[PDB]
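Colleague: For reference, the structure I am asking about is given below.
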Amino acid sequence: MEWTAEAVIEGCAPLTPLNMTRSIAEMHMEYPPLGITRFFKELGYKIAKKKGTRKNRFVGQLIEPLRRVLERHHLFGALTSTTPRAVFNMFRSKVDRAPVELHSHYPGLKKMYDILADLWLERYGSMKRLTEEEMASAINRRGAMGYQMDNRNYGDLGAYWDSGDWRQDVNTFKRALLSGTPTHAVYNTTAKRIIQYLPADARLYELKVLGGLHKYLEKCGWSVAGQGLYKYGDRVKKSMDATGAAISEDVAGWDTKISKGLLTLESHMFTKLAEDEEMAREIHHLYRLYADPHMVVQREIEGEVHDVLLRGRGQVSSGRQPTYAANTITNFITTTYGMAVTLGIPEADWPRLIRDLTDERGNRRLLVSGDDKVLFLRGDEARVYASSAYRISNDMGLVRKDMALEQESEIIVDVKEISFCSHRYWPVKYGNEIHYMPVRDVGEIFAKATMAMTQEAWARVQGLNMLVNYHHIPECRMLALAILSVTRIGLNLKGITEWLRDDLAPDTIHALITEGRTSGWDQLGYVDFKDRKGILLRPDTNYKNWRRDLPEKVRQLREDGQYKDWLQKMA
Ligand SMILES: [Mg+2]
């Protein structure tokens, strides 16, 4: 289907497509396009090789006795590689869908982007490019290199980073981008959902230029940027206490629905924040890339596997480091706008509104992380919001997941029923105080801890993370202590913070949750026995047998390293 016209947004620099001839030629397409997509425009294809699931040996073997109940009563879910046929079918089903570019809400959205940018600049100043030390802290060392870099034989981002060759490469990327004819600008893809990512040099560049957005979010009361999961429940509780009603709605396929119009506003805002005029040019040129995404996706026809070069318009790619910060900001702005219009908040009050949301003052609160949000309102405003705010997000194509288009919002009045960041939050006692701590299906928890000496270091970090965040769930505390008992001391955990250490102890956990008002293993709380069902493991004979055999399993899994016994910190 032909693309609609684009939105023309007053006061914003248009995101003109770059000259992509150089980056297209880098993909070495062989054949003219077949054209079987409805939105993406196929430019060509080439014959490929079928592209690709492995469980961590340490975590996997420790939970092996529970695999059956976790697969039968929970959401563990396992694993075969996705076929090219299945990859293209999922692309067509979920990604090959035109964003809604044309609607009447850009002028008011722009006003709020401008308000937020002005508040950040007034309070915190402009945004510098990341330093090398800052980039080293944020890179995923296991990330892929990308087809355009595969012939340099680095293996992964970590090895590429360590080599130091990226320093010249990112400046080569910068110069070509600013010229209007970029190199290495075509997205690679892999299935896990389709992940889209630029080559490693491009990714280090975009991290350097846009990585500072997280620093502003750390200052915002509506963001959880930089904060650990163990803090989120208390923030949900605090926000609810100030309001009394919550609306928690997910958008189906958020990344696929973001329009070039919204990207135009993102770029507008971020260029406002830049330290110097060259930085603003760099940001604007990156968004000229983002808004005109070219990507290679696999398919299979008559037994022949193709690498297909496709061109879209708008949308958001997942394997882009700024995506989290940009999604969070755009989610905050679109949600605040729809709420303010629906509740009739006058536009002259919008600067105060955005300040109060940022300062957690007043009778309206937001919590936002990427495409996930909870809106908190008094009951009276919640009813007004629930009755019609969906019309504005529908206008923008931000259709809500799993409900009818014009279904009124569900108004949540119990803090324990609010889903945020894929968890709910339950009250847990630490000594004589209560903190709200995260729960979700334990099959999901265990699966994420299993599906990736790097392997041992990775497992050990999963155990440290599980102990800090899920010690209130007994099976999670047990698995964590077992992980820490089977993984050796002295590994490089930082390559995989406050608690990321071999000598982790309760005092560190109490410092994070109660600021050290409590102490000891005995004041780390548990959920009530009566609630150990449903999303949590029922404590039946299967569970008690696993617990009985864990000490032996730990001893059998240990090898040549130095280990410490952690299971004695519990039953
Ligand atoms: Mg939510």
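Each chain in the structure tokens gets a letter, A, B, ..., in the order shown, and its residues are numbered from 1; ligands are numbered from 1 in order too.
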Could the residues that lie within 9 Å of ligand 1, counting only C-alpha atoms and all ligand atoms, be listed as a PDB file with N, CA, C and O atoms, in the first residue's frame?
Modeller:
ATOM      1  N   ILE A 247      -4.225   3.979  36.397  1.00  0.00           N
ATOM      2  CA  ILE A 247      -4.558   3.404  35.104  1.00  0.00           C
ATOM      3  C   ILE A 247      -3.257   2.888  34.507  1.00  0.00           C
ATOM      4  O   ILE A 247      -2.286   3.644  34.395  1.00  0.00           O
ATOM      5  N   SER A 248      -3.223   1.591  34.198  1.00  0.00           N
ATOM      6  CA  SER A 248      -2.018   0.902  33.724  1.00  0.00           C
ATOM      7  C   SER A 248      -2.354   0.194  32.420  1.00  0.00           C
ATOM      8  O   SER A 248      -2.891  -0.916  32.444  1.00  0.00           O
ATOM      9  N   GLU A 249      -2.034   0.819  31.293  1.00  0.00           N
ATOM     10  CA  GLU A 249      -2.390   0.290  29.984  1.00  0.00           C
ATOM     11  C   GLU A 249      -1.145   0.131  29.130  1.00  0.00           C
ATOM     12  O   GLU A 249      -0.354   1.071  28.998  1.00  0.00           O
ATOM     13  N   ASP A 250      -0.984  -1.050  28.555  1.00  0.00           N
ATOM     14  CA  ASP A 250       0.100  -1.290  27.610  1.00  0.00           C
ATOM     15  C   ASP A 250      -0.393  -1.021  26.197  1.00  0.00           C
ATOM     16  O   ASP A 250      -1.571  -1.214  25.888  1.00  0.00           O
ATOM     17  N   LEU A 367       4.545   7.063  36.494  1.00  0.00           N
ATOM     18  CA  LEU A 367       5.771   6.279  36.456  1.00  0.00           C
ATOM     19  C   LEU A 367       5.906   5.719  35.047  1.00  0.00           C
ATOM     20  O   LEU A 367       4.944   5.170  34.501  1.00  0.00           O
ATOM     21  N   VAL A 368       7.076   5.897  34.434  1.00  0.00           N
ATOM     22  CA  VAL A 368       7.258   5.560  33.026  1.00  0.00           C
ATOM     23  C   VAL A 368       8.592   4.846  32.883  1.00  0.00           C
ATOM     24  O   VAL A 368       9.600   5.309  33.424  1.00  0.00           O
ATOM     25  N   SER A 369       8.609   3.731  32.149  1.00  0.00           N
ATOM     26  CA  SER A 369       9.867   3.082  31.802  1.00  0.00           C
ATOM     27  C   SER A 369       9.713   2.512  30.396  1.00  0.00           C
ATOM     28  O   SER A 369       8.977   1.542  30.202  1.00  0.00           O
ATOM     29  N   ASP A 371       8.139   1.779  27.102  1.00  0.00           N
ATOM     30  CA  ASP A 371       6.744   1.805  26.675  1.00  0.00           C
ATOM     31  C   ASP A 371       5.756   1.473  27.790  1.00  0.00           C
ATOM     32  O   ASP A 371       4.551   1.362  27.526  1.00  0.00           O
ATOM     33  N   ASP A 372       6.228   1.372  29.019  1.00  0.00           N
ATOM     34  CA  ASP A 372       5.424   0.931  30.157  1.00  0.00           C
ATOM     35  C   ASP A 372       5.128   2.146  31.038  1.00  0.00           C
ATOM     36  O   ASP A 372       6.040   2.916  31.346  1.00  0.00           O
ATOM     37  N   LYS A 373       3.871   2.339  31.426  1.00  0.00           N
ATOM     38  CA  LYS A 373       3.534   3.497  32.250  1.00  0.00           C
ATOM     39  C   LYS A 373       2.410   3.135  33.202  1.00  0.00           C
ATOM     40  O   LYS A 373       1.587   2.263  32.915  1.00  0.00           O
ATOM     41  N   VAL A 374       2.377   3.837  34.333  1.00  0.00           N
ATOM     42  CA  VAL A 374       1.220   3.865  35.218  1.00  0.00           C
ATOM     43  C   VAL A 374       0.880   5.328  35.458  1.00  0.00           C
ATOM     44  O   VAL A 374       1.756   6.116  35.835  1.00  0.00           O
ATOM     45  N   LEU A 375      -0.384   5.683  35.257  1.00  0.00           N
ATOM     46  CA  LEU A 375      -0.877   7.025  35.527  1.00  0.00           C
ATOM     47  C   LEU A 375      -1.702   7.000  36.806  1.00  0.00           C
ATOM     48  O   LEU A 375      -2.581   6.145  36.956  1.00  0.00           O
ATOM     49  N   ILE A 418      -1.378  -3.227  40.510  1.00  0.00           N
ATOM     50  CA  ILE A 418      -0.794  -2.395  39.466  1.00  0.00           C
ATOM     51  C   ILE A 418       0.407  -3.112  38.882  1.00  0.00           C
ATOM     52  O   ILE A 418       1.341  -3.465  39.606  1.00  0.00           O
ATOM     53  N   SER A 419       0.398  -3.339  37.570  1.00  0.00           N
ATOM     54  CA  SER A 419       1.547  -3.921  36.886  1.00  0.00           C
ATOM     55  C   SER A 419       2.425  -2.782  36.381  1.00  0.00           C
ATOM     56  O   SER A 419       1.937  -1.857  35.720  1.00  0.00           O
ATOM     57  N   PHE A 420       3.718  -2.860  36.676  1.00  0.00           N
ATOM     58  CA  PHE A 420       4.711  -1.908  36.183  1.00  0.00           C
ATOM     59  C   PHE A 420       6.024  -2.630  35.983  1.00  0.00           C
ATOM     60  O   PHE A 420       6.499  -3.316  36.892  1.00  0.00           O
ATOM     61  N   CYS A 421       6.585  -2.492  34.782  1.00  0.00           N
ATOM     62  CA  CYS A 421       7.835  -3.158  34.431  1.00  0.00           C
ATOM     63  C   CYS A 421       7.719  -4.675  34.601  1.00  0.00           C
ATOM     64  O   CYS A 421       8.641  -5.335  35.082  1.00  0.00           O
ATOM     65  N   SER A 422       6.554  -5.219  34.234  1.00  0.00           N
ATOM     66  CA  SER A 422       6.258  -6.653  34.234  1.00  0.00           C
ATOM     67  C   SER A 422       6.206  -7.265  35.626  1.00  0.00           C
ATOM     68  O   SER A 422       6.271  -8.494  35.762  1.00  0.00           O
ATOM     69  N   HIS A 423       6.075  -6.447  36.670  1.00  0.00           N
ATOM     70  CA  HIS A 423       5.882  -6.966  38.020  1.00  0.00           C
ATOM     71  C   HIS A 423       4.671  -6.306  38.657  1.00  0.00           C
ATOM     72  O   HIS A 423       4.218  -5.239  38.236  1.00  0.00           O
TER      73      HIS A 423
END
Colleague: Find the residues near segment 120-124 of chain A: any atom within 8 Å, counting only C-alpha atoms, skip ones fewer than 4 places away on the same chain, and give them as a list in words.
Modeller: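 The residues satisfying every condition are residues 116, 216 and 273 of chain A.
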Colleague: List the neighbours of residue 542 of chain A out to 12 Å using only C-alpha atoms; skip same-chain residues closer than 4 positions along the sequence, and give me the result as a ChimeraX atom specification.
Modeller: /A:63-70,475,537-538,546-549
Colleague: The selected residues should be written to file as a compact mmCIF listing (two decimals), in the first residue's frame (atoms: C-alpha atoms).
Modeller:
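Final file, result.txt:
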# COMPACT_ATOMS: atom_id res chain seq x y z
CA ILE A 63 16.51 -25.70 38.45
CA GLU A 64 16.37 -28.88 36.34
CA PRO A 65 14.33 -30.82 38.98
CA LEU A 66 11.66 -28.07 38.82
CA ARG A 67 11.49 -27.93 35.02
CA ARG A 68 8.23 -29.89 34.79
CA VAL A 69 6.17 -27.91 37.33
CA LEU A 70 7.64 -24.67 35.94
CA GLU A 475 12.37 -20.38 45.99
CA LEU A 537 5.80 -21.86 43.38
CA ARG A 538 3.49 -23.98 45.51
CA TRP A 546 14.45 -29.99 45.10
CA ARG A 547 15.34 -28.21 48.35
CA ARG A 548 16.51 -31.47 49.93
CA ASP A 549 18.83 -32.27 46.99
Colleague: As a ChimeraX atom specification, please: every residue in segment 19-265 of chain A that DSSP puts in alpha helix (DSSP H).
Modeller: /A:21-25,57-63,67-73,84-90,106-124,132-138,157-163,166-179,200-210,213-217,232-241,254-257,260-265
Colleague: Please determine, counting only C-alpha atoms, which residue among A:174, A:558, A:184, A:55 has the shortest atom-to-atom distance to residue 147 of chain A.
Modeller: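 The shortest atom-to-atom distance to residue 147 of chain A comes from A:184.
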Colleague: Can you work out the spacing between atom CA of residue 318 of chain A and atom CA of residue 255 of chain A in Å, to one decimal?
Modeller: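 Atom CA of residue 255 of chain A lies at a distance of 7.7 Å from atom CA of residue 318 of chain A.
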Colleague: Write out as a tab-separated table (two decimals) with N, CA, C and O atoms, in the first residue's frame which residues come within 12 Å of residue 103 of chain A when counting only C-alpha atoms, dropping same-chain ones fewer than 3 positions away.
Modeller:
chain	number	residue	atom	x	y	z
A	4	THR	N	1.07	7.10	3.29
A	4	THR	CA	0.33	8.34	3.36
A	4	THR	C	1.30	9.52	3.24
A	4	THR	O	2.52	9.36	3.28
A	5	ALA	N	0.74	10.71	3.07
A	5	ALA	CA	1.55	11.91	3.20
A	5	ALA	C	2.18	11.96	4.58
A	5	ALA	O	1.69	11.34	5.53
A	6	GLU	N	3.27	12.73	4.71
A	6	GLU	CA	3.86	12.93	6.03
A	6	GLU	C	3.18	14.10	6.72
A	6	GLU	O	2.58	14.97	6.09
A	7	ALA	N	3.29	14.11	8.04
A	7	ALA	CA	2.96	15.31	8.79
A	7	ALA	C	4.02	16.39	8.60
A	7	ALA	O	5.23	16.12	8.64
A	8	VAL	N	3.57	17.62	8.46
A	8	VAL	CA	4.42	18.80	8.48
A	8	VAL	C	4.18	19.48	9.82
A	8	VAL	O	3.07	19.92	10.12
A	9	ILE	N	5.21	19.53	10.66
A	9	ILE	CA	5.07	20.02	12.02
A	9	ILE	C	5.72	21.39	12.12
A	9	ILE	O	6.92	21.54	11.88
A	99	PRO	N	2.74	3.26	10.59
A	99	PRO	CA	2.37	4.18	11.67
A	99	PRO	C	1.37	5.23	11.21
A	99	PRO	O	1.27	5.56	10.02
A	100	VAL	N	0.61	5.76	12.16
A	100	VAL	CA	-0.37	6.81	11.88
A	100	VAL	C	0.37	8.14	11.93
A	100	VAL	O	0.71	8.64	13.01
A	106	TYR	N	0.09	17.11	17.04
A	106	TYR	CA	1.48	17.56	17.11
A	106	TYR	C	1.67	18.93	17.75
A	106	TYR	O	2.65	19.09	18.50
A	107	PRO	N	0.85	19.96	17.50
A	107	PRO	CA	1.16	21.26	18.11
A	107	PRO	C	1.17	21.19	19.64
A	107	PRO	O	2.08	21.76	20.26
A	108	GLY	N	0.23	20.47	20.25
A	108	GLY	CA	0.24	20.38	21.71
A	108	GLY	C	1.33	19.46	22.24
A	108	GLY	O	1.93	19.73	23.28
A	109	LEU	N	1.61	18.37	21.52
A	109	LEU	CA	2.75	17.55	21.89
A	109	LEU	C	4.03	18.38	21.86
A	109	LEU	O	4.84	18.32	22.80
A	259	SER	N	5.55	7.18	15.15
A	259	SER	CA	5.51	7.78	13.83
A	259	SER	C	6.74	8.64	13.56
A	259	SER	O	7.44	9.06	14.48
A	261	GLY	N	6.40	11.57	12.63
A	261	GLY	CA	6.04	12.82	13.30
A	261	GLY	C	6.56	12.87	14.73
A	261	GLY	O	7.16	13.86	15.15
A	262	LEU	N	6.36	11.78	15.48
A	262	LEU	CA	6.88	11.75	16.84
A	262	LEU	C	8.40	11.76	16.86
A	262	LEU	O	9.01	12.39	17.74
A	391	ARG	N	-9.24	8.10	23.25
A	391	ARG	CA	-9.51	8.63	21.91
A	391	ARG	C	-8.29	9.35	21.36
A	391	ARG	O	-8.03	9.31	20.14
A	392	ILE	N	-7.52	10.00	22.22
A	392	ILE	CA	-6.35	10.75	21.75
A	392	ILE	C	-5.23	9.80	21.36
A	392	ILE	O	-4.58	9.98	20.33
A	393	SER	N	-4.96	8.79	22.20
A	393	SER	CA	-3.93	7.82	21.84
A	393	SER	C	-4.36	6.97	20.65
A	393	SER	O	-3.52	6.60	19.82
A	394	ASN	N	-5.66	6.68	20.53
A	394	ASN	CA	-6.13	6.01	19.31
A	394	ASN	C	-5.85	6.87	18.07
A	394	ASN	O	-5.40	6.36	17.04
A	395	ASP	N	-6.10	8.19	18.17
A	395	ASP	CA	-5.83	9.11	17.06
A	395	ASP	C	-4.39	9.01	16.59
A	395	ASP	O	-4.09	9.23	15.40
A	396	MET	N	-3.47	8.74	17.51
A	396	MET	CA	-2.06	8.66	17.17
A	396	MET	C	-1.62	7.25	16.81
A	396	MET	O	-0.43	7.02	16.58
A	397	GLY	N	-2.55	6.30	16.77
A	397	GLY	CA	-2.22	4.91	16.48
A	397	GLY	C	-1.65	4.13	17.64
A	397	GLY	O	-1.28	2.96	17.47
A	398	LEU	N	-1.58	4.73	18.83
A	398	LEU	CA	-1.05	4.07	20.03
A	398	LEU	C	-2.17	3.25	20.68
A	398	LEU	O	-2.64	3.52	21.79
Colleague: Write out as a list in words the residues lying within 9 Å of residue 474 of chain A, counting only C-alpha atoms and excluding same-chain residues fewer than 5 positions away.
Modeller: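 Final neighbour list, sorted by chain and number: residues 479, 526, 527, 532 and 537 of chain A.
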Colleague: Can I get the selection written as a CSV table (one decimal), in the first residue's frame, with C-alpha atoms?
Modeller:
chain,number,residue,atom,x,y,z
A,479,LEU,CA,18.1,-20.6,43.9
A,526,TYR,CA,9.4,-13.2,53.0
A,527,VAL,CA,6.0,-13.2,51.4
A,532,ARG,CA,2.9,-19.0,47.8
A,537,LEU,CA,5.8,-21.9,43.4
Colleague: Just the residues within 7 Å of segment 486-501 of chain A, please, counting only C-alpha atoms, with nothing from its chain fewer than 6 positions along; format it as JSON, numbers by chain.
Modeller: {"A": [456, 457, 458, 460, 461, 464, 508, 554, 557, 558, 561, 562, 563]}
Colleague: For the strand (DSSP E) assignment from backbone DSSP, which residues of segment 350-527 of chain A qualify? Please present them as JSON, numbers by chain.
Modeller: {"A": [364, 365, 366, 367, 368, 369, 372, 373, 374, 375, 376, 377, 424, 425, 426, 427, 428, 429, 430, 433, 434, 435, 436, 437, 438, 439]}
Colleague: Determine the nearest neighbour of residue 218 of chain A from the options A:536, A:325, A:125, A:161, counting only C-alpha atoms.
Modeller: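 Among A:536, A:325, A:125, A:161, it is A:325 that comes nearest to residue 218 of chain A.
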Colleague: Using only C-alpha atoms, find the one residue out of A:80, A:16, A:256, A:104 that sits nearest to residue 315 of chain A.
Modeller: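 Using only C-alpha atoms, residue 315 of chain A sits closest to A:256.
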Colleague: Quick one: everything within 10 Å of residue 263 of chain A, counting only C-alpha atoms, minus sequence neighbours fewer than 6 positions away in the same chain. Send it as an MDAnalysis selection string.
Modeller: chainID A and resid 14:15 269 287:288 290:291 314:316 326 330
Colleague: Keeping only N, CA and C atoms, write those residues as an mmCIF file, in the first residue's frame.
Modeller:
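Okay, this is what ended up in result_30.cif:
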data_model
loop_
_atom_site.group_PDB
_atom_site.id
_atom_site.type_symbol
_atom_site.label_atom_id
_atom_site.label_comp_id
_atom_site.auth_asym_id
_atom_site.auth_seq_id
_atom_site.Cartn_x
_atom_site.Cartn_y
_atom_site.Cartn_z
ATOM 1 N N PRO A 14 12.461 19.381 9.545
ATOM 2 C CA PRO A 14 12.027 18.093 8.981
ATOM 3 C C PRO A 14 13.153 17.066 8.978
ATOM 4 N N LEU A 15 12.774 15.797 9.104
ATOM 5 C CA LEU A 15 13.744 14.695 9.076
ATOM 6 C C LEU A 15 13.881 14.166 7.649
ATOM 7 N N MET A 269 13.424 18.119 20.278
ATOM 8 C CA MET A 269 13.757 18.264 21.694
ATOM 9 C C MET A 269 15.231 17.999 21.976
ATOM 10 N N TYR A 287 18.677 11.309 13.540
ATOM 11 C CA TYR A 287 17.234 11.138 13.398
ATOM 12 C C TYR A 287 16.789 11.111 11.942
ATOM 13 N N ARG A 288 17.550 11.728 11.039
ATOM 14 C CA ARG A 288 17.282 11.526 9.628
ATOM 15 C C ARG A 288 17.494 10.064 9.263
ATOM 16 N N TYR A 290 17.178 7.415 11.622
ATOM 17 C CA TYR A 290 16.139 6.676 12.340
ATOM 18 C C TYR A 290 14.787 6.748 11.631
ATOM 19 N N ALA A 291 14.436 7.915 11.086
ATOM 20 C CA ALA A 291 13.096 8.098 10.527
ATOM 21 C C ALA A 291 12.944 7.465 9.146
ATOM 22 N N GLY A 314 9.557 6.087 9.924
ATOM 23 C CA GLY A 314 9.259 6.066 11.346
ATOM 24 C C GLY A 314 9.625 4.747 12.021
ATOM 25 N N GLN A 315 8.928 4.486 13.142
ATOM 26 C CA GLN A 315 9.098 3.312 13.987
ATOM 27 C C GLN A 315 10.412 3.410 14.757
ATOM 28 N N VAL A 316 10.584 2.521 15.724
ATOM 29 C CA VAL A 316 11.722 2.514 16.632
ATOM 30 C C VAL A 316 12.391 1.142 16.578
ATOM 31 N N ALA A 326 14.591 7.524 24.831
ATOM 32 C CA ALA A 326 13.665 8.205 23.926
ATOM 33 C C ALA A 326 12.251 7.662 24.072
ATOM 34 N N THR A 330 9.090 10.026 25.169
ATOM 35 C CA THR A 330 7.906 10.132 24.319
ATOM 36 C C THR A 330 6.673 9.504 24.972
#
Colleague: So which one's closest to residue 35 of chain A, A:149, A:236, A:559, A:309? Using only C-alpha atoms, please.
Modeller: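 Comparing A:149, A:236, A:559, A:309 against residue 35 of chain A, the winner is A:309.
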Colleague: Between A:191, A:18, A:36, A:127, which residue has the minimum interatomic distance to residue 90 of chain A, considering only C-alpha atoms?
Modeller: A:191
Colleague: For a quick check of understanding, using only C-alpha atoms, which of A:310, A:476, A:467, A:145 has the smallest distance to residue 96 of chain A?
Modeller: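 The shortest atom-to-atom distance to residue 96 of chain A comes from A:310.
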Colleague: What separation in Å, quoted to one decimal, exists between atom CA of residue 305 of chain A and atom CA of residue 37 of chain A?
Modeller: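 Between atom CA of residue 305 of chain A and atom CA of residue 37 of chain A the gap is 16.7 Å.
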Colleague: State, in Å with one decimal place, the distance from atom CA of residue 459 of chain A to atom CA of residue 227 of chain A.
Modeller: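 Going from atom CA of residue 459 of chain A over to atom CA of residue 227 of chain A covers 21.8 Å.
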Colleague: Residues of segment 251-320 of chain A that have any atom at most 8 Å from an atom of segment 175-180 of chain A: could you tabulate them with the shortest-distance atom pair and the distance in Å to one decimal, using only C-alpha atoms, ordered by chain and increasing number, as a Markdown table?
Modeller:
| residue | atom | partner | partner_atom | distance |
| --- | --- | --- | --- | --- |
| A:281 | CA | A:178 | CA | 7.5 |
| A:282 | CA | A:178 | CA | 6.7 |
| A:285 | CA | A:178 | CA | 6.5 |
| A:286 | CA | A:177 | CA | 7.7 |
Colleague: Mind dumping the selected residues with N, CA, C and O atoms as a compact mmCIF listing (two decimals), in the first residue's frame?
Modeller:
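Generated output (out-v1.txt):
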# COMPACT_ATOMS: atom_id res chain seq x y z
N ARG A 281 23.66 19.17 15.16
CA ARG A 281 23.69 18.62 13.80
C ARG A 281 23.80 17.10 13.83
O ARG A 281 23.15 16.41 13.03
N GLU A 282 24.64 16.56 14.72
CA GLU A 282 24.82 15.11 14.79
C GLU A 282 23.52 14.44 15.20
O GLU A 282 23.09 13.45 14.59
N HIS A 285 21.09 14.55 12.33
CA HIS A 285 21.42 13.59 11.27
C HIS A 285 21.13 12.15 11.70
O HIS A 285 20.67 11.34 10.88
N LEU A 286 21.38 11.80 12.96
CA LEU A 286 20.98 10.48 13.42
C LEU A 286 19.48 10.27 13.27
O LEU A 286 19.03 9.19 12.89
